[PDB]
>>> print(open('start-v1.txt').read())   # compact mmCIF, C-alpha atoms and all ligand atoms
# COMPACT_ATOMS: atom_id res chain seq x y z
CA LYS R 1 17.63 -15.80 -1.55
CA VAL R 2 20.23 -18.55 -1.96
CA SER R 3 22.81 -16.01 -3.11
CA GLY R 4 21.96 -13.88 -0.08
CA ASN R 5 19.87 -10.78 -0.64
CA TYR R 6 21.85 -7.57 -1.16
CA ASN R 7 19.40 -5.22 -2.91
CA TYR R 8 17.86 -3.52 0.15
CA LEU R 9 19.48 -0.19 0.98
CA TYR R 10 19.93 2.02 4.04
CA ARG R 11 21.54 5.42 4.55
CA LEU R 12 24.28 5.91 7.14
CA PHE R 13 25.43 9.46 6.28
CA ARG R 14 23.11 12.46 6.32
CA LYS R 15 23.51 16.20 6.84
CA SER R 16 20.59 16.29 9.30
CA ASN R 17 18.16 14.02 11.12
CA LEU R 18 14.98 13.79 9.06
CA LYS R 19 11.59 14.54 10.60
CA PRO R 20 8.93 11.79 10.56
CA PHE R 21 7.66 10.70 7.13
CA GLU R 22 10.67 12.01 5.18
CA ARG R 23 11.97 10.45 1.97
CA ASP R 24 14.95 11.49 -0.14
CA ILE R 25 15.84 10.28 -3.63
CA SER R 26 19.20 11.98 -4.27
CA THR R 27 22.17 9.92 -3.07
CA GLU R 28 25.01 12.41 -3.58
CA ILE R 29 28.16 11.82 -1.55
CA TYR R 30 28.04 13.21 1.98
CA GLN R 31 31.10 15.21 3.00
CA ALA R 32 32.63 14.22 6.35
CA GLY R 33 35.91 16.13 6.51
CA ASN R 34 36.49 19.86 6.32
CA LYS R 35 37.69 19.79 2.71
CA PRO R 36 34.83 19.85 0.18
CA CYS R 37 34.78 17.30 -2.63
CA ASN R 38 32.99 17.15 -5.98
CA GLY R 39 32.36 14.50 -8.60
CA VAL R 40 32.80 10.97 -7.26
CA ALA R 41 33.37 9.50 -3.81
CA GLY R 42 36.80 9.86 -2.26
CA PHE R 43 38.69 11.33 0.69
CA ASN R 44 36.65 12.89 3.53
CA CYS R 45 33.38 12.04 1.75
CA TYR R 46 31.88 8.56 1.38
CA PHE R 47 28.68 7.32 -0.24
CA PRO R 48 25.81 7.88 2.24
CA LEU R 49 23.79 4.93 0.94
CA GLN D 1 42.72 -26.89 -10.14
CA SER D 2 39.06 -26.27 -9.33
CA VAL D 3 37.78 -27.25 -5.90
CA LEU D 4 35.01 -29.40 -7.40
CA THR D 5 36.26 -32.38 -9.41
CA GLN D 6 34.60 -33.67 -12.59
CA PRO D 7 35.63 -36.29 -15.14
CA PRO D 8 37.68 -34.87 -18.02
CA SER D 9 35.53 -36.24 -20.87
CA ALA D 10 32.62 -38.70 -20.89
CA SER D 11 31.43 -40.19 -24.19
CA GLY D 12 28.42 -42.24 -25.18
CA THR D 13 26.47 -43.53 -28.14
CA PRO D 14 23.50 -41.51 -29.43
CA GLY D 15 20.37 -42.38 -27.41
CA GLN D 16 22.42 -43.72 -24.44
CA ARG D 17 22.37 -42.17 -20.91
CA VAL D 18 25.65 -40.49 -19.75
CA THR D 19 26.40 -39.68 -16.06
CA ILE D 20 28.61 -36.70 -15.07
CA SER D 21 30.01 -36.76 -11.54
CA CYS D 22 30.94 -33.92 -9.19
CA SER D 23 32.75 -34.75 -5.94
CA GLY D 24 33.62 -32.56 -2.98
CA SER D 25 32.97 -31.93 0.72
CA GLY D 26 29.89 -31.02 2.74
CA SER D 27 30.89 -27.36 3.06
CA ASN D 28 29.83 -26.60 -0.53
CA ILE D 29 28.02 -29.75 -1.70
CA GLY D 30 26.38 -30.92 1.52
CA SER D 31 25.55 -27.41 2.74
CA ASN D 32 24.70 -25.85 -0.64
CA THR D 33 22.86 -27.18 -3.67
CA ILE D 34 24.70 -28.40 -6.78
CA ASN D 35 23.91 -26.96 -10.20
CA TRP D 36 25.02 -27.95 -13.69
CA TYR D 37 25.92 -25.59 -16.53
CA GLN D 38 26.59 -26.54 -20.14
CA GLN D 39 28.45 -24.56 -22.80
CA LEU D 40 28.45 -25.66 -26.42
CA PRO D 41 31.81 -25.49 -28.24
CA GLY D 42 32.21 -21.87 -29.39
CA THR D 43 29.03 -20.60 -27.62
CA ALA D 44 28.18 -18.79 -24.34
CA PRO D 45 27.15 -21.22 -21.51
CA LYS D 46 23.38 -21.77 -20.96
CA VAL D 47 21.80 -22.93 -17.63
CA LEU D 48 20.97 -26.66 -17.62
CA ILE D 49 20.02 -27.46 -13.99
CA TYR D 50 19.80 -25.17 -10.94
CA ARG D 51 18.91 -26.29 -7.35
CA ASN D 52 19.10 -29.92 -8.57
CA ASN D 53 15.38 -30.23 -9.31
CA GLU D 54 13.91 -27.39 -11.44
CA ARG D 55 14.93 -26.54 -15.07
CA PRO D 56 14.28 -23.38 -17.21
CA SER D 57 11.24 -24.78 -19.20
CA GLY D 58 13.10 -25.45 -22.51
CA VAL D 59 15.41 -28.16 -21.06
CA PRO D 60 13.98 -31.64 -22.07
CA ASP D 61 13.14 -34.12 -19.27
CA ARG D 62 16.22 -36.26 -20.11
CA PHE D 63 18.52 -33.85 -18.17
CA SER D 64 18.19 -34.63 -14.44
CA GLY D 65 20.33 -34.00 -11.39
CA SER D 66 20.81 -35.79 -8.10
CA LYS D 67 22.74 -34.81 -4.97
CA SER D 68 23.73 -37.31 -2.28
CA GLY D 69 25.68 -35.92 0.66
CA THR D 70 28.99 -34.71 -0.78
CA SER D 71 28.47 -36.13 -4.30
CA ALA D 72 26.42 -35.05 -7.31
CA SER D 73 25.43 -36.83 -10.51
CA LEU D 74 23.85 -35.31 -13.65
CA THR D 75 22.27 -38.02 -15.85
CA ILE D 76 22.09 -36.27 -19.26
CA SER D 77 20.15 -39.25 -20.81
CA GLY D 78 18.78 -39.44 -24.39
CA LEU D 79 22.20 -38.62 -25.89
CA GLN D 80 21.84 -36.55 -29.11
CA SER D 81 24.41 -35.12 -31.54
CA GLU D 82 24.21 -31.63 -29.93
CA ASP D 83 24.98 -33.01 -26.41
CA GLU D 84 28.74 -32.48 -27.09
CA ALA D 85 29.51 -29.64 -24.63
CA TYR D 86 31.52 -28.62 -21.57
CA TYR D 87 29.65 -29.46 -18.34
CA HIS D 88 30.48 -27.60 -15.09
CA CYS D 89 29.19 -28.31 -11.59
CA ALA D 90 28.72 -25.22 -9.43
CA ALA D 91 27.87 -24.53 -5.80
CA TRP D 92 28.18 -21.91 -3.09
CA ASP D 93 31.10 -22.53 -0.74
CA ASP D 94 30.93 -21.32 2.86
CA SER D 95 34.66 -21.78 3.47
CA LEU D 96 35.36 -19.49 0.50
CA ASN D 97 31.99 -17.69 0.90
CA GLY D 98 31.49 -17.63 -2.84
CA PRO D 99 30.68 -19.56 -6.01
CA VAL D 100 32.93 -22.50 -6.84
CA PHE D 101 32.86 -24.60 -10.00
CA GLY D 102 33.94 -28.00 -11.24
CA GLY D 103 36.72 -29.02 -13.58
CA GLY D 104 34.44 -29.46 -16.58
CA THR D 105 33.56 -32.59 -18.55
CA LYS D 106 33.65 -32.75 -22.36
CA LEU D 107 30.63 -34.73 -23.57
CA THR D 108 31.39 -36.59 -26.82
CA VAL D 109 28.91 -37.96 -29.37
CA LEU D 110 30.10 -41.30 -30.71
CA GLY D 111 29.37 -42.78 -34.13
CA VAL I 1 19.29 -9.76 -22.88
CA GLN I 2 21.52 -9.04 -25.95
CA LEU I 3 24.62 -9.08 -23.62
CA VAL I 4 27.32 -6.84 -25.21
CA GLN I 5 30.99 -7.64 -24.34
CA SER I 6 34.37 -6.22 -25.53
CA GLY I 7 36.63 -8.04 -28.01
CA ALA I 8 39.45 -10.49 -27.46
CA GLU I 9 42.68 -8.87 -26.17
CA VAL I 10 46.34 -10.08 -25.97
CA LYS I 11 48.45 -7.26 -24.43
CA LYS I 12 51.18 -9.71 -23.12
CA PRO I 13 52.25 -10.29 -19.43
CA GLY I 14 52.98 -7.19 -17.28
CA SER I 15 50.61 -5.03 -19.40
CA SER I 16 46.88 -4.30 -18.71
CA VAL I 17 43.36 -5.89 -18.84
CA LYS I 18 40.24 -4.26 -20.43
CA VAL I 19 36.79 -5.97 -20.11
CA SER I 20 33.69 -3.81 -20.67
CA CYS I 21 30.34 -5.60 -20.40
CA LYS I 22 27.45 -3.57 -21.81
CA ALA I 23 23.84 -4.13 -20.77
CA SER I 24 21.24 -3.94 -23.57
CA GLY I 25 17.46 -4.43 -23.71
CA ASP I 26 17.05 -4.29 -19.94
CA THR I 27 17.43 -2.11 -16.84
CA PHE I 28 21.07 -1.91 -15.77
CA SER I 29 20.34 -0.22 -12.43
CA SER I 30 18.82 -3.53 -11.27
CA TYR I 31 20.91 -5.91 -13.42
CA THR I 32 24.59 -6.51 -12.65
CA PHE I 33 27.24 -8.56 -14.52
CA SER I 34 29.43 -10.74 -12.23
CA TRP I 35 32.74 -11.99 -13.77
CA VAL I 36 33.79 -15.66 -14.31
CA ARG I 37 36.96 -16.84 -16.19
CA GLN I 38 37.57 -20.34 -17.62
CA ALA I 39 41.06 -21.83 -17.08
CA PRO I 40 41.73 -24.37 -19.94
CA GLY I 41 40.75 -27.85 -18.64
CA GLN I 42 39.93 -26.40 -15.18
CA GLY I 43 36.28 -25.42 -15.89
CA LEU I 44 34.62 -22.23 -14.63
CA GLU I 45 36.56 -20.03 -12.13
CA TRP I 46 34.80 -17.26 -10.08
CA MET I 47 36.53 -13.83 -9.93
CA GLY I 48 33.92 -11.39 -8.57
CA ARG I 49 30.52 -9.65 -8.50
CA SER I 50 29.39 -6.04 -8.80
CA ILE I 51 26.52 -3.87 -7.57
CA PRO I 52 25.62 -1.01 -9.97
CA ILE I 53 23.88 0.91 -7.18
CA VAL I 54 25.96 2.39 -4.33
CA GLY I 55 29.05 0.86 -5.95
CA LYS I 56 29.76 -2.10 -3.67
CA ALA I 57 31.62 -5.08 -5.11
CA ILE I 58 32.97 -8.47 -4.00
CA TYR I 59 36.22 -10.03 -5.29
CA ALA I 60 37.44 -13.68 -5.25
CA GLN I 61 39.23 -14.74 -2.01
CA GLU I 62 42.09 -16.15 -4.19
CA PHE I 63 42.27 -12.84 -6.13
CA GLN I 64 43.82 -9.80 -4.36
CA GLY I 65 42.55 -6.17 -4.37
CA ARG I 66 44.27 -5.78 -7.80
CA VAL I 67 41.07 -6.93 -9.62
CA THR I 68 38.79 -3.85 -9.99
CA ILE I 69 35.08 -4.18 -10.87
CA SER I 70 32.87 -1.10 -11.19
CA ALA I 71 29.60 -0.15 -12.87
CA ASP I 72 28.36 2.86 -14.85
CA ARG I 73 24.59 3.33 -14.83
CA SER I 74 24.54 6.16 -17.38
CA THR I 75 26.26 4.06 -20.04
CA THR I 76 24.95 0.78 -18.54
CA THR I 77 28.39 -0.87 -18.49
CA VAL I 78 30.40 -3.06 -16.13
CA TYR I 79 34.16 -2.34 -16.15
CA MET I 80 36.60 -5.07 -14.99
CA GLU I 81 40.41 -4.51 -14.81
CA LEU I 82 42.97 -7.04 -13.47
CA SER I 83 46.39 -5.58 -12.47
CA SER I 84 47.98 -9.09 -12.40
CA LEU I 85 49.04 -10.54 -15.80
CA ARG I 86 50.75 -14.00 -15.80
CA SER I 87 50.73 -17.18 -17.93
CA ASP I 88 48.02 -18.65 -15.64
CA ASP I 89 45.78 -15.59 -16.34
CA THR I 90 45.21 -16.70 -20.01
CA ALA I 91 41.41 -17.38 -19.99
CA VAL I 92 38.04 -16.35 -21.53
CA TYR I 93 36.29 -13.74 -19.33
CA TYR I 94 32.46 -14.05 -19.23
CA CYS I 95 30.01 -11.72 -17.40
CA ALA I 96 26.43 -12.88 -16.70
CA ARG I 97 23.17 -11.25 -15.49
CA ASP I 98 22.82 -12.69 -11.98
CA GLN I 99 19.49 -14.52 -12.25
CA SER I 100 16.67 -12.60 -10.53
CA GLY I 101 15.61 -11.09 -7.21
CA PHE I 102 17.06 -7.70 -8.23
CA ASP I 103 19.80 -9.66 -9.99
CA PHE I 104 22.86 -9.95 -7.75
CA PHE I 105 22.65 -13.70 -7.07
CA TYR I 106 24.04 -16.58 -9.15
CA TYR I 107 24.78 -16.80 -12.87
CA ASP I 108 22.21 -17.43 -15.61
CA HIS I 109 23.06 -15.80 -18.97
CA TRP I 110 26.80 -15.36 -19.80
CA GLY I 111 27.85 -12.96 -22.62
CA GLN I 112 29.99 -13.76 -25.71
CA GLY I 113 33.13 -13.48 -23.50
CA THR I 114 36.65 -12.03 -23.95
CA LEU I 115 39.52 -14.49 -24.65
CA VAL I 116 42.69 -12.97 -23.07
CA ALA I 117 46.00 -14.70 -23.98
CA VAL I 118 49.00 -13.83 -21.71
CA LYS E 1 -4.51 21.60 2.09
CA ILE E 2 -6.25 24.06 -0.22
CA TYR E 3 -9.30 26.09 0.81
CA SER E 4 -11.09 28.22 -1.78
CA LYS E 5 -13.78 30.88 -2.08
CA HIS E 6 -15.09 32.98 -4.97
CA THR E 7 -16.93 36.30 -4.82
CA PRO E 8 -18.59 37.15 -8.16
CA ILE E 9 -19.82 40.45 -9.68
CA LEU E 10 -17.28 42.42 -7.65
CA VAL E 11 -17.73 46.15 -8.26
CA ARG E 12 -14.38 47.18 -6.71
CA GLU E 13 -12.94 47.94 -10.12
CA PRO E 14 -10.15 50.56 -9.77
CA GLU E 15 -7.48 48.91 -7.63
CA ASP E 16 -8.46 47.94 -4.13
CA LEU E 17 -10.07 44.93 -2.49
CA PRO E 18 -13.49 45.44 -0.86
CA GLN E 19 -14.06 45.96 2.85
CA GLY E 20 -16.04 42.73 3.02
CA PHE E 21 -15.97 39.58 5.13
CA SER E 22 -16.30 35.92 4.13
CA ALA E 23 -14.81 32.54 4.97
CA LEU E 24 -12.97 30.04 2.78
CA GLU E 25 -14.47 26.56 2.57
CA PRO E 26 -12.16 23.52 2.52
CA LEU E 27 -11.63 22.04 -0.95
CA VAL E 28 -8.62 19.71 -1.29
CA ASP E 29 -6.13 17.77 0.84
CA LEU E 30 -3.26 15.62 -0.46
CA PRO E 31 -0.05 14.05 0.96
CA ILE E 32 2.63 15.60 -1.24
CA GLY E 33 5.36 15.34 1.41
CA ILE E 34 8.22 17.26 -0.23
CA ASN E 35 10.36 20.22 0.82
CA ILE E 36 8.61 23.43 -0.28
CA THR E 37 10.01 26.89 0.42
CA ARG E 38 9.35 28.88 -2.78
CA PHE E 39 6.43 29.24 -5.18
CA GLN E 40 5.31 31.06 -8.31
CA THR E 41 2.11 31.57 -10.29
CA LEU E 42 1.29 30.45 -13.83
CA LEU E 43 -0.23 32.57 -16.60
CA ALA E 44 -2.08 31.51 -19.74
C1 LIG T 201 14.38 22.68 2.28
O1 LIG T 201 14.95 23.65 1.39
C2 LIG T 201 15.38 24.84 2.05
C3 LIG T 201 15.87 25.78 0.98
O2 LIG T 201 16.96 25.22 0.26
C4 LIG T 201 16.45 24.52 3.10
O3 LIG T 201 16.73 25.72 3.82
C5 LIG T 201 18.12 25.81 4.20
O4 LIG T 201 18.24 25.79 5.63
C6 LIG T 201 19.59 25.84 6.10
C7 LIG T 201 19.53 25.72 7.61
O5 LIG T 201 20.21 24.56 8.06
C8 LIG T 201 20.25 27.13 5.63
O6 LIG T 201 21.61 27.15 6.05
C9 LIG T 201 20.17 27.24 4.12
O7 LIG T 201 20.69 28.50 3.69
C10 LIG T 201 18.73 27.09 3.64
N1 LIG T 201 18.67 27.11 2.19
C11 LIG T 201 18.66 28.24 1.47
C12 LIG T 201 18.59 28.07 -0.02
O8 LIG T 201 18.71 29.34 2.00
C13 LIG T 201 15.96 23.44 4.06
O9 LIG T 201 17.02 23.02 4.91
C14 LIG T 201 15.44 22.24 3.28
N2 LIG T 201 14.91 21.23 4.19
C15 LIG T 201 15.67 20.28 4.75
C16 LIG T 201 14.96 19.33 5.66
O10 LIG T 201 16.87 20.20 4.52
>>> encode(input="start-v1.txt", output="structure tokens")
Amino acid sequence: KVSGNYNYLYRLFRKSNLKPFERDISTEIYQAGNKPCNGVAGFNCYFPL
Amino acid sequence: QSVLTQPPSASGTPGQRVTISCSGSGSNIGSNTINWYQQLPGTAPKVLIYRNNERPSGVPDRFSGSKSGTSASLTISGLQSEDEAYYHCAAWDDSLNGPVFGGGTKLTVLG
Amino acid sequence: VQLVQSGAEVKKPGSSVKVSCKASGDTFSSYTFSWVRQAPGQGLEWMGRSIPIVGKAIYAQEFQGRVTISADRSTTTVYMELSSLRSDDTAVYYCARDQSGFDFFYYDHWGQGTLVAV
Amino acid sequence: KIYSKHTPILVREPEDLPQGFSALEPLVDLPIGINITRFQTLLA
């Protein structure tokens, strides 16, 4: 569109590589560092989507 | 202070046609379409013209817009008592990569 | 689109900014509320746009990172806070559903607005 | 994929299944496509 479409989404963080024909609806934050995190996105864990 | 420049206030008799100008460069006017918003005094702004040619159904045919190179002109036409409003010209700007707006013109309804 | 917005606020320079924009009668997960301020005599002035999903946002090039726009899907609100507070800031802050096409692109319906005097 | 069979008038009352032999015809197939690792019955 004129504004430049931004709605389409893609996941860059995942705990494992999905097998063919997989779909996931939950978009909880994926932890990257050793320290676990809970609640909202922050240090060592970004939004996968 | 706005990048796009508009007259401060244009007035006309009821029934007469009033032209509102918007001047700039080709980065935002030449490269991107010009649109015109109107806000009545004390009310939230409503879309008047978008993409210079189409209007949101309700708008009467008097309101028209034209874009020539780096200039834009909105001929309100058919001046009525409710025309009195702030008129803003808007466009995407590639140099700023975002929406930019005009200085705003205060339409006045004369006696 | 009822378009709910917070009230007018005058906290003085060097204080804080509060602008909640509540969605009503529509789906907020697909409808955002980008922010525009009007400088007196200077017409509309763009400040930023928000994406309720994922949480991405875009701020004005003139504005620094101090402006903070976020969205809450559960309460269907858009929260805008500006750290800067100067005499030039005095303006009416309006947030609008961005047209169509999943509603992130270009302003159509502004809300009542929040006049901030600094 | 669900295959089913039904043996009526079974006279193996006390506890145990009969020492019979039969196959299970195919009934239903559907693309559910979700992670399944646990299951339970439903009474009424
Ligand atoms: C589907 O769900 C099951 C059950 O939660 C998952 O099994 C887990 O497998 C990992 C191996 O990487 C184990 O460490 C976990 O302990 C298992 N879960 C439980 C509850 O024991 C399985 O991974 C899920 N499928 C996918 C593709 O993630």
>>> residues_near_ligand(input="start-v1.txt", ligand="ligand LIG 201 (chain T)", cutoff="9 Å", atoms="all atoms listed in the file", output="JSON, numbers by chain")
{"R": [15, 16, 17, 18, 19, 22], "E": [34, 35, 36, 37, 38]}
>>> residues_around(input="start-v1.txt", residues="range 88-95 of chain D", least_positions_apart="6", cutoff="7 Å", atoms="all atoms listed in the file", output="PDB file with C-alpha atoms, keeping the file's coordinate frame")
ATOM      1  CA  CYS D  22      30.940 -33.920  -9.190  1.00  0.00           C
ATOM      2  CA  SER D  27      30.890 -27.360   3.060  1.00  0.00           C
ATOM      3  CA  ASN D  28      29.830 -26.600  -0.530  1.00  0.00           C
ATOM      4  CA  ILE D  29      28.020 -29.750  -1.700  1.00  0.00           C
ATOM      5  CA  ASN D  32      24.700 -25.850  -0.640  1.00  0.00           C
ATOM      6  CA  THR D  33      22.860 -27.180  -3.670  1.00  0.00           C
ATOM      7  CA  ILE D  34      24.700 -28.400  -6.780  1.00  0.00           C
ATOM      8  CA  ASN D  35      23.910 -26.960 -10.200  1.00  0.00           C
ATOM      9  CA  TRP D  36      25.020 -27.950 -13.690  1.00  0.00           C
ATOM     10  CA  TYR D  37      25.920 -25.590 -16.530  1.00  0.00           C
ATOM     11  CA  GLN D  38      26.590 -26.540 -20.140  1.00  0.00           C
ATOM     12  CA  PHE D 101      32.860 -24.600 -10.000  1.00  0.00           C
ATOM     13  CA  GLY D 102      33.940 -28.000 -11.240  1.00  0.00           C
ATOM     14  CA  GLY D 103      36.720 -29.020 -13.580  1.00  0.00           C
ATOM     15  CA  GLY D 104      34.440 -29.460 -16.580  1.00  0.00           C
ATOM     16  CA  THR D 105      33.560 -32.590 -18.550  1.00  0.00           C
TER      17      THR D 105
ATOM     18  CA  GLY I  43      36.280 -25.420 -15.890  1.00  0.00           C
ATOM     19  CA  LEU I  44      34.620 -22.230 -14.630  1.00  0.00           C
TER      20      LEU I  44
END
>>> interface_residues(input="start-v1.txt", of="chain R", to="chain I", cutoff="9 Å", atoms="all atoms listed in the file", output="VMD selection string")
chain R and resid 1 to 7 9 27 47 to 49
>>> atom_distance(input="start-v1.txt", atom1="CA of residue 106 in chain D", atom2="CA of residue 76 in chain D")
12.5 Å
>>> residues_around(input="start-v1.txt", residues="residue 5 in chain E", least_positions_apart="2", cutoff="9 Å", atoms="all atoms listed in the file", output="ChimeraX atom specification")
/E:3,7,22-26
>>> write_last_selection(input="start-v1.txt", atoms="C-alpha atoms", output="PDB file, keeping the file's coordinate frame")
ATOM      1  CA  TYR E   3      -9.300  26.090   0.810  1.00  0.00           C
ATOM      2  CA  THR E   7     -16.930  36.300  -4.820  1.00  0.00           C
ATOM      3  CA  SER E  22     -16.300  35.920   4.130  1.00  0.00           C
ATOM      4  CA  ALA E  23     -14.810  32.540   4.970  1.00  0.00           C
ATOM      5  CA  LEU E  24     -12.970  30.040   2.780  1.00  0.00           C
ATOM      6  CA  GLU E  25     -14.470  26.560   2.570  1.00  0.00           C
ATOM      7  CA  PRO E  26     -12.160  23.520   2.520  1.00  0.00           C
TER       8      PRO E  26
END
>>> atom_distance(input="start-v1.txt", atom1="CA of residue 22 in chain I", atom2="CA of residue 76 in chain I")
6.0 Å
>>> atom_distance(input="start-v1.txt", atom1="CA of residue 15 in chain D", atom2="CA of residue 40 in chain D")
18.6 Å
>>> residues_around(input="start-v1.txt", residues="residue 43 in chain R", least_positions_apart="6", cutoff="10 Å", atoms="all atoms listed in the file", output="ChimeraX atom specification")
/R:31-33,35-37
>>> residues_near_point(input="start-v1.txt", point="(37.7, -12.1, -7.5)", cutoff="6 Å", atoms="all atoms listed in the file", output="PDB file with C-alpha atoms, in the coordinates of the input")
ATOM      1  CA  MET I  47      36.530 -13.830  -9.930  1.00  0.00           C
ATOM      2  CA  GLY I  48      33.920 -11.390  -8.570  1.00  0.00           C
ATOM      3  CA  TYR I  59      36.220 -10.030  -5.290  1.00  0.00           C
ATOM      4  CA  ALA I  60      37.440 -13.680  -5.250  1.00  0.00           C
ATOM      5  CA  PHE I  63      42.270 -12.840  -6.130  1.00  0.00           C
TER       6      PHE I  63
END
>>> build_atoms(input="start-v1.txt", residues="range 5-22 of chain E", atoms="N, CA, C and O atoms", output="PDB file, in the frame of the given file")
ATOM      1  N   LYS E   5     -12.532  30.131  -2.084  1.00  0.00           N
ATOM      2  CA  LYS E   5     -13.780  30.880  -2.080  1.00  0.00           C
ATOM      3  C   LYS E   5     -13.765  31.813  -3.289  1.00  0.00           C
ATOM      4  O   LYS E   5     -12.701  32.199  -3.781  1.00  0.00           O
ATOM      5  N   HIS E   6     -14.956  32.162  -3.770  1.00  0.00           N
ATOM      6  CA  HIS E   6     -15.090  32.980  -4.970  1.00  0.00           C
ATOM      7  C   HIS E   6     -16.233  33.963  -4.780  1.00  0.00           C
ATOM      8  O   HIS E   6     -17.372  33.554  -4.544  1.00  0.00           O
ATOM      9  N   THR E   7     -15.924  35.252  -4.886  1.00  0.00           N
ATOM     10  CA  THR E   7     -16.930  36.300  -4.820  1.00  0.00           C
ATOM     11  C   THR E   7     -17.165  36.857  -6.216  1.00  0.00           C
ATOM     12  O   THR E   7     -16.246  37.457  -6.797  1.00  0.00           O
ATOM     13  N   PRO E   8     -18.343  36.681  -6.796  1.00  0.00           N
ATOM     14  CA  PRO E   8     -18.590  37.150  -8.160  1.00  0.00           C
ATOM     15  C   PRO E   8     -19.064  38.602  -8.167  1.00  0.00           C
ATOM     16  O   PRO E   8     -19.192  39.244  -7.125  1.00  0.00           O
ATOM     17  N   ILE E   9     -19.333  39.098  -9.381  1.00  0.00           N
ATOM     18  CA  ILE E   9     -19.820  40.450  -9.680  1.00  0.00           C
ATOM     19  C   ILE E   9     -19.249  41.495  -8.734  1.00  0.00           C
ATOM     20  O   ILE E   9     -19.977  42.355  -8.223  1.00  0.00           O
ATOM     21  N   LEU E  10     -17.936  41.447  -8.512  1.00  0.00           N
ATOM     22  CA  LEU E  10     -17.280  42.420  -7.650  1.00  0.00           C
ATOM     23  C   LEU E  10     -17.221  43.766  -8.359  1.00  0.00           C
ATOM     24  O   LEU E  10     -16.750  43.862  -9.500  1.00  0.00           O
ATOM     25  N   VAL E  11     -17.693  44.812  -7.687  1.00  0.00           N
ATOM     26  CA  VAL E  11     -17.730  46.150  -8.260  1.00  0.00           C
ATOM     27  C   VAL E  11     -16.610  47.033  -7.714  1.00  0.00           C
ATOM     28  O   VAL E  11     -16.699  48.257  -7.782  1.00  0.00           O
ATOM     29  N   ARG E  12     -15.557  46.430  -7.165  1.00  0.00           N
ATOM     30  CA  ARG E  12     -14.380  47.180  -6.710  1.00  0.00           C
ATOM     31  C   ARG E  12     -13.346  47.248  -7.836  1.00  0.00           C
ATOM     32  O   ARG E  12     -12.243  46.707  -7.755  1.00  0.00           O
ATOM     33  N   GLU E  13     -13.738  47.939  -8.904  1.00  0.00           N
ATOM     34  CA  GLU E  13     -12.940  47.940 -10.120  1.00  0.00           C
ATOM     35  C   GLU E  13     -11.555  48.573  -9.989  1.00  0.00           C
ATOM     36  O   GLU E  13     -10.575  47.914 -10.378  1.00  0.00           O
ATOM     37  N   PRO E  14     -11.390  49.817  -9.473  1.00  0.00           N
ATOM     38  CA  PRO E  14     -10.150  50.560  -9.770  1.00  0.00           C
ATOM     39  C   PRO E  14      -8.858  49.883  -9.344  1.00  0.00           C
ATOM     40  O   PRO E  14      -8.055  49.516 -10.206  1.00  0.00           O
ATOM     41  N   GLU E  15      -8.626  49.706  -8.041  1.00  0.00           N
ATOM     42  CA  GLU E  15      -7.480  48.910  -7.630  1.00  0.00           C
ATOM     43  C   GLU E  15      -7.773  47.983  -6.448  1.00  0.00           C
ATOM     44  O   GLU E  15      -7.316  46.835  -6.418  1.00  0.00           O
ATOM     45  N   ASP E  16      -8.548  48.472  -5.483  1.00  0.00           N
ATOM     46  CA  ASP E  16      -8.460  47.940  -4.130  1.00  0.00           C
ATOM     47  C   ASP E  16      -9.485  46.841  -3.877  1.00  0.00           C
ATOM     48  O   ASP E  16     -10.536  46.779  -4.520  1.00  0.00           O
ATOM     49  N   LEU E  17      -9.158  45.971  -2.924  1.00  0.00           N
ATOM     50  CA  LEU E  17     -10.070  44.930  -2.490  1.00  0.00           C
ATOM     51  C   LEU E  17     -11.190  45.523  -1.638  1.00  0.00           C
ATOM     52  O   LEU E  17     -11.000  46.548  -0.978  1.00  0.00           O
ATOM     53  N   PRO E  18     -12.367  44.901  -1.634  1.00  0.00           N
ATOM     54  CA  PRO E  18     -13.490  45.440  -0.860  1.00  0.00           C
ATOM     55  C   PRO E  18     -13.277  45.274   0.637  1.00  0.00           C
ATOM     56  O   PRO E  18     -12.480  44.455   1.101  1.00  0.00           O
ATOM     57  N   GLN E  19     -14.022  46.074   1.395  1.00  0.00           N
ATOM     58  CA  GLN E  19     -14.060  45.960   2.850  1.00  0.00           C
ATOM     59  C   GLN E  19     -15.136  44.970   3.292  1.00  0.00           C
ATOM     60  O   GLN E  19     -16.003  45.274   4.112  1.00  0.00           O
ATOM     61  N   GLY E  20     -15.078  43.761   2.733  1.00  0.00           N
ATOM     62  CA  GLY E  20     -16.040  42.730   3.020  1.00  0.00           C
ATOM     63  C   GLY E  20     -15.536  41.727   4.054  1.00  0.00           C
ATOM     64  O   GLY E  20     -14.508  41.907   4.701  1.00  0.00           O
ATOM     65  N   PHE E  21     -16.299  40.645   4.194  1.00  0.00           N
ATOM     66  CA  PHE E  21     -15.970  39.580   5.130  1.00  0.00           C
ATOM     67  C   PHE E  21     -16.614  38.280   4.660  1.00  0.00           C
ATOM     68  O   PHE E  21     -17.832  38.225   4.470  1.00  0.00           O
ATOM     69  N   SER E  22     -15.797  37.245   4.485  1.00  0.00           N
ATOM     70  CA  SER E  22     -16.300  35.920   4.130  1.00  0.00           C
ATOM     71  C   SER E  22     -15.241  34.893   4.492  1.00  0.00           C
ATOM     72  O   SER E  22     -14.058  35.214   4.629  1.00  0.00           O
TER      73      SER E  22
END
